[PDB]
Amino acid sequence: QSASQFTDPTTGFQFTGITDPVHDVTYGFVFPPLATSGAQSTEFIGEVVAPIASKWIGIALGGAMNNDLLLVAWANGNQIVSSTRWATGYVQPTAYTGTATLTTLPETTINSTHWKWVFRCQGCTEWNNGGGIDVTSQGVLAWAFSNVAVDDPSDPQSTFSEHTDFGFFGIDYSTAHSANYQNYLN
């Protein structure tokens, strides 16, 4: 599939991403302004808008399950529980051992039909194995879905069962930067 630009209706944030039509989960990404005189920033802002029947959602930042930074999130009552994870060999991903900071932003909402997770991800484009994303070029992102809740929803590091669906989308990161990035943070 292929990402495209869209605007968040409520917040007005401008993102690049997709809506998966099967589970109707929207995934959006926006990046700080492209640099030419400095190395690119290692952070970005993302959003996941998911029907409440989505019991956990994962994002694979390099487009594959193994050896890339994973984000995993679920709603637990009125809050989002989230974590950075990593997998080798197609088993339960565990806590990421590098430096990566997930901040839930206040645009985040949980209501009766959907959870909307808006987050800042610092240190997420470059990983502690030397891998990472090139935000000036074209890449692939992947997502994972489950409609079965995690084993222990109040634990960010909870274990859980394999996803019931997963998918990919191509993204042109060079078009995903915003001059308004700093304001999304305030």
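Just count from 1 along the sequence shown to find any residue number.
Annotation for 7-15 versus 165-173: the higher mean temperature factor (C-alpha) is found in 7-15.
In this entry, 73-81 shows the higher mean Cα temperature factor of the pair 89-97 and 73-81. Note on the listed residues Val48, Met65, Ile52, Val140: the highest Cα temperature factor in the record is that of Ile52. Among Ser146, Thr36, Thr159, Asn129, the highest C-alpha B-factor recorded in the PDB entry belongs to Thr36. Sort the chain's modelled residues by C-alpha temperature factor and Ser41 lands in the middle third, per the entry. In the deposited entry, the Cα temperature factor of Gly28 places it in the lowest third of its chain's modelled residues. Per the deposited record, the Cα B-factor of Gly58 falls in the lowest third when ranked against the other modelled residues of its chain. In this PDB entry, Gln122 carries a Cα temperature factor that places it within the middle third of its chain's modelled residues.
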